[PDB]
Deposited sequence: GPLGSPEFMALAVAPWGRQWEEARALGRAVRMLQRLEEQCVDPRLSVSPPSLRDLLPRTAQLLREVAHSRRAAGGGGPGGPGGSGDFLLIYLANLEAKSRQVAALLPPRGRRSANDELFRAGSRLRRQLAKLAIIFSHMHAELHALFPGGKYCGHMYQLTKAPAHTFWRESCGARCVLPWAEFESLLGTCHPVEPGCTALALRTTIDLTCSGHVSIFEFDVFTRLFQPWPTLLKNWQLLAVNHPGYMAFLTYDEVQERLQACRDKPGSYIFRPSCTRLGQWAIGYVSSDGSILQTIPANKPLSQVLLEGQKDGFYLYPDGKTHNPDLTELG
């Protein structure tokens, strides 16, 4: 089943690559890179880590079925089109990074993978053990031992934030990215609600060029700013802002809580008008 699956995915990605004849994330770059990695996986599987649910084989069954669905979406598409293709480029960027994180060189390391933030690392290994991936519903219940989310719109917004590959399952890599972006751990979901649900400056699933474009609407309003997850340095934020002369710049800040970075930038007079809006929310 697994070798057939890998063969099918590699062929779908070859078709897309041939049908796709810009700056990161770019499908034209990501398609052949993902197919090469899949080939590396396939070789390595024919010679594994801890067995059972959430292990290497389970991860690949899920990942490859999602990669097929996403590859069908791209195929079906080749202004609205520009957006649909940018969102899919971000999704493929995330699928490629997740497979590179968990099977570098084709060789599974999900049972050894270590999260960036120590409290989150501990939470995953104590709660999930050697597993590298969980279905959303099981993840939501496990995370709920520590950081419960309100069912409904809130929990669904959380799902959309965490699930980088839009697969319905949370890998240890996605949880690594989420807990870096929304650190610190003791207040994880309060940080996320304040920054990603309630803050006008937060944009999800936008590329560097899409924020450059969006902020042109506010170029006569120095101080205007937006923040969104970097697509090339996953786990870090990218803040776009209109400088004093009207130019649109983007910076990746220091590895610290985004709230501290935004508080400092407000106090220094750089991040004043979130998405160009008049009211900056209080983050204290």
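Asker: Taking the deposited sequence as numbered from 1, list the residue ranges that were left without C-alpha coordinates.
Answerer: Missing CA coords at 1-20, 42-46, 73-75, 107-122, 329-331.
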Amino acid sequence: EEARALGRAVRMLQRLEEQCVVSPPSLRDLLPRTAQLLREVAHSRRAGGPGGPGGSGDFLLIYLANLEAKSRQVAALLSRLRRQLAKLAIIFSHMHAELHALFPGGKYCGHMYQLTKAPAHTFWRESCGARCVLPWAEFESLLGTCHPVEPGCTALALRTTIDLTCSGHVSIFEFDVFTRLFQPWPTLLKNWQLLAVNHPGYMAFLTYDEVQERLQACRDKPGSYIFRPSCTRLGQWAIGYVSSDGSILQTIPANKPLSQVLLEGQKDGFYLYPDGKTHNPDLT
From here on, numbers count along this sequence of modelled residues.
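Asker: Averaged over C-alpha atoms, is the B-factor higher for 38-46 or for 230-238 in this PDB entry?
Answerer: Taking the mean C-alpha B-factor of 38-46 and of 230-238, the larger value falls to 38-46.
Asker: Averaging only over Cα atoms, indicate whether 65-73 or 246-254 has the higher B-factor in the PDB entry.
Answerer: Looking at the recorded C-alpha B-factors, 246-254 comes out higher on average.
Asker: Mind checking which third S141 falls in for C-alpha B-factor across the chain?
Answerer: As the PDB entry reports it, the C-alpha B-factor of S141 lands in the middle third of its chain.
Asker: Please place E213 in the lowest, middle or highest third of its chain according to the CA B-factor in the PDB entry.
Answerer: Highest third of the chain for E213's C-alpha B-factor.
Asker: Based on the entry's values, in what third of the chain does the Cα temperature factor of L78 lie: lowest, middle or highest?
Answerer: Highest third, going by the recorded CA B-factors of the chain.
Asker: Could you look up the Cα B-factor of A196 in the entry and say which third of the chain it sits in: lowest, middle or highest?
Answerer: Top third by C-alpha B-factor.
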